[PDB]
Amino acid sequence: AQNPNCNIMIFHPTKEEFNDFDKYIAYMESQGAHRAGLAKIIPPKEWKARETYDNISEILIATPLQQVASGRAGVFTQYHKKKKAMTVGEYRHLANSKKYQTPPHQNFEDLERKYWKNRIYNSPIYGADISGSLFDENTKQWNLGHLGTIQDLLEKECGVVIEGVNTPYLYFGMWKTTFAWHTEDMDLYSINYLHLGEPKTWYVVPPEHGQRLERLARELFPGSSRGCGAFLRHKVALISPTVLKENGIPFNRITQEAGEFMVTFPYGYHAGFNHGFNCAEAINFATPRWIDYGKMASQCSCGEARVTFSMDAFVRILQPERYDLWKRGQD
Ligand SMILES: O=C(O)CNC(=O)C(=O)O
Ligand SMILES: [Mg+2]
Ligand code: NI
Ligand SMILES: [Zn+2]
């Protein structure tokens, strides 16, 4: 068995290997990358996403989200308070202000210490989930707006034609902006490209151990767990590495820098934080190996998780027994 300790693997494809996206994902899995739940892909030196980032300031962040924490430093939830619209230029200035800017630090480990010590005492503002792309249309390799769609994959594997679309999302971050512990919708893959700015630190639980994380989360968030049998689908709970280690939960960590891709694999729980002002692009995708995970994915039916239009078909076709209850949660 390749990668039996479930370590995060880092790949350096050549320009030739960067042509065929599906083939390279399958290659990474042949080497055991998926066992970690997360892999890093460093693009060949010849590649670029676009020519420059000098002209992005006029993008609008219609609904910036202030991430307000509750709990203790290592075990907390966050809720998202909606703020007034602002441009990317306005948000960048905000991120760099004395109130929000990255503190002085020695290295990524010092910054990580500071994040876990102090996160709850601040409420950073995240420009998340903005439909759009920063890839140049002429970038032909690993262009996250030109991937094969999940609807087409389902149709290729299973023969059923379904409605729905699959487009990327932009994320503008600042120091302490946080992504809560989650797997993707329908336990899909994700791919995330850090276009510019400061790093993103990731934490990940191997897919084979995801239920250990779920059991800890039910212990640590007992009211949330009584409310919903899949409350991590709400994407609000944080647990620190120290708490994970104290509870014996297998996990790994890695820092993504600008110009690097990360892939999350089906049922790979992940969480993390941004180091300072940055911009990432991410999208979900599928492969043949996903189908079995999609069929088994948990679902939130309590009403909290509320998701895209395109998840309807995935539930309807892969999980017809669950469909009626899940759709009630949608309405
Ligand atoms: O970058 C973020 O805030 C969150 N991203 C992801 O969870 C991802 O790409 O799957
Ligand atoms: Mg612009
Ligand atoms: Ni994710
Ligand atoms: Zn729920």
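One-based numbering along the sequence shown.
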Note to self: With side chain to side chain donor-acceptor pair (under 3.5 Å) as the criterion, how do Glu184 and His182 come out once you've worked through the C-alpha distance, each side chain's angles and the decisive distance to 0.1 Å?
What the structure shows: CA-CA 7 Å; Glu184 304 302 307; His182 70 285; 3.2 Å; yes
- Query: After noting the C-alpha distance and the side-chain angles of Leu134 and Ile59, does the key distance pass the side-chain contact (heavy atoms from CB on, under 4.5 Å) rule?
  - Reply: CA-CA 10 Å; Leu134 292 171; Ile59 292 172; 4.0 Å; yes
Next item on the list: Would you check, one step at a time, whether the test side-chain contact (heavy atoms from CB on, under 4.5 Å) holds for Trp175 with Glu198?
Entry: CA-CA 9 Å; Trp175 170 236; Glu198 303 316 305; over 6 Å; no
Please evaluate residues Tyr323 and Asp312 with respect to the criterion side-chain contact (heavy atoms from CB on, under 4.5 Å), reporting the C-alpha separation (whole Å), side-chain torsions for both, the decisive distance (0.1 Å), and the verdict. CA-CA 8 Å; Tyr323 181 68; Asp312 191 282; 2.6 Å; yes
Notebook entry, point to check: Can you list the steps and then say if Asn252 with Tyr203 is a side chain to side chain donor-acceptor pair (under 3.5 Å)?
Noted result: CA-CA 6 Å; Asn252 282 297; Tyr203 306 88; over 6 Å; no
> Going through the checks in order, is the side-chain contact (heavy atoms from CB on, under 4.5 Å) test met by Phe314 and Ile150?
Replying inline: CA-CA 9 Å; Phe314 303 155; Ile150 299 160; 3.6 Å; yes
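The main-chain N or O of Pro222 is never found under 3.5 Å from a side-chain atom of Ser225 such that the two would form a donor-acceptor pair. Here the side chain of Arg233 pairs a donor or acceptor atom with the backbone of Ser298 at under 3.5 angstrom. Side chain of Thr139 to main chain of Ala49: a donor-acceptor pair is present (N/O by atom type, distance under 3.5 Å, no hydrogens or angles). Here the side chain of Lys176 pairs a donor or acceptor atom with the backbone of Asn118 at under 3.5 angstrom. When atom types are taken as modelled, the side chain of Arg119 and the backbone of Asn122 share a donor-acceptor pair closer than 3.5 angstrom. Remark: side-chain polar atoms of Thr308 are not paired, donor with acceptor, to backbone N or O of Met311 under 3.5 angstrom. For the pair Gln151 (side chain) and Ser310 (backbone), a donor-acceptor distance under 3.5 Å is absent.
Within 6.0 Å of CD on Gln106 lie no more than 12 heavy atoms contributed by other residues, nucleotides or ligands. Annotation: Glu321, atom CD; neighbour count of heavy atoms from other residues, nucleotides and ligands within 6.0 Å does not exceed 12. Counting non-hydrogen atoms of neighbouring residues, nucleotides and ligands closer than 6.0 angstrom, the NE2 atom of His105 exceeds 12 such neighbours. Annotation for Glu109: atom CD does not count as buried by contact number, only 12 or fewer foreign heavy atoms lying within 6.0 Å.
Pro206 is not listed as a side-chain neighbour of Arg35, based on a closest heavy-atom distance of 4.5 Å or more. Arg218 places a side-chain heavy atom less than 4.5 Å from the side chain of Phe231. Under the 4.5 Å side-chain criterion, counting only non-hydrogen atoms from C-beta, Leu213 is not in contact with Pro250. The side-chain heavy atoms of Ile254 and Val204, taken from C-beta on, include no pair separated by under 4.5 Å. The shortest distance between side-chain heavy atoms of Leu153 and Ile291 falls below 4.5 Å. Between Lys81 and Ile125 there is no side-chain heavy-atom pair separated by less than 4.5 Å. Counting heavy atoms from C-beta on, the side chains of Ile56 and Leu196 come closer than 4.5 Å. Contact annotation: the side chain of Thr201 never approaches that of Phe108 to less than 4.5 Å [non-hydrogen atoms, C-beta and beyond].
Within the model, atoms CG of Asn192 and OH of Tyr169 stand 14.0 Å from one another, a figure rounded to the nearest 0.5 Å. For the atom pair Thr178 OG1 and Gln78 CD, the distance stands at 5.0 Å (nearest 0.5 Å). Rounded to the nearest 0.5 angstrom, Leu144 CG and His195 NE2 are separated by 7.0 Å. Distance check, rounded to the nearest 0.5 Å: CG of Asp187 to CE of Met296 gives 8.0 Å. Atoms CD and CG, from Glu29 and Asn3 in turn, are 12.0 Å apart once rounded to the nearest 0.5 Å. Interatomic distance, CG of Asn138 versus CG of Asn143, reported as 9.5 Å (0.5 Å rounding).
Transitive grouping of hydrophobic side chains (ILVMFWY, heavy atoms separated by less than 4.5 Å) keeps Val205 and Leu38 in distinct clusters. Linking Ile, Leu, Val, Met, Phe, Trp and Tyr whenever their side-chain heavy atoms come within less than 4.5 Å puts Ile283 and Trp47 in one cluster. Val236 and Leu232 are assigned to two separate hydrophobic clusters, defined by single-linkage of ILVMFWY side chains at heavy-atom distances under 4.5 Å. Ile41 and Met262 sit in two unconnected hydrophobic clusters of ILVMFWY residues. Membership requires side-chain heavy atoms under 4.5 Å apart, directly or through other members. Cluster membership for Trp290 and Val165, using ILVMFWY side-chain heavy atoms within less than 4.5 angstrom, is not shared.
For the residue pair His80/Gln66, the side-chain donor-acceptor check at 3.5 Å is not satisfied. Side chains of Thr87 and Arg92: a donor-acceptor N/O pair is absent below 3.5 angstrom, by distance only. Of the N and O atoms on the side chains of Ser133 and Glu281, at least one donor lies less than 3.5 Å from an acceptor on the other residue.
Screening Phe21, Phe285, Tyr267, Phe261 against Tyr189 for a ring pair (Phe, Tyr, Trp, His ring centres under 6.0 Å) leaves a single residue, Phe285.
Of all heavy-atom pairs spanning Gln101 and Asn96, the tightest one is NE2-O, 3.0 Å. The two residues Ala95 and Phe277 come nearest to each other via the heavy atoms CB-CB, 3.9 Å. Between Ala305 and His234 the shortest heavy-atom distance is N-CD2, 4.0 Å. Residues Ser190 and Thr264 come closest through the heavy atom pair OG-OG1, 2.7 Å. Closest non-hydrogen pair, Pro199 versus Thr255, comes out as CB-CG2, 3.5 Å. In plain terms, the two heavy atoms of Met174 and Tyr91 that are nearest each other are N-OH, 3.2 Å.
Using bins of under 30°, 30° to 60° and over 60° for the plane-to-plane angle, the ring pair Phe179/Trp202 lands in the perpendicular bin.
Pairs of residues two or more places apart, or lying in two chains, that qualify as salt bridge (charged side-chain N to carboxylate O under 4.0 Å, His left out) and include a residue from residues 256-265 are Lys40-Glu260.
Scored by the side-chain hydrogen bond (donor to acceptor under 3.5 Å, both in side chains) test, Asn19 finds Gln141 as partners (sequence neighbours excluded). Legend: residues meeting ring pair (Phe, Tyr, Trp, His ring centres under 6.0 Å) with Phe273, ordered by chain and number and at least two apart, are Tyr115, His275.
Two rings, from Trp181 and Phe221, have their centers 6.0 Å or more apart. For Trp142 and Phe11, the gap between ring centers reaches or exceeds 6.0 Å.
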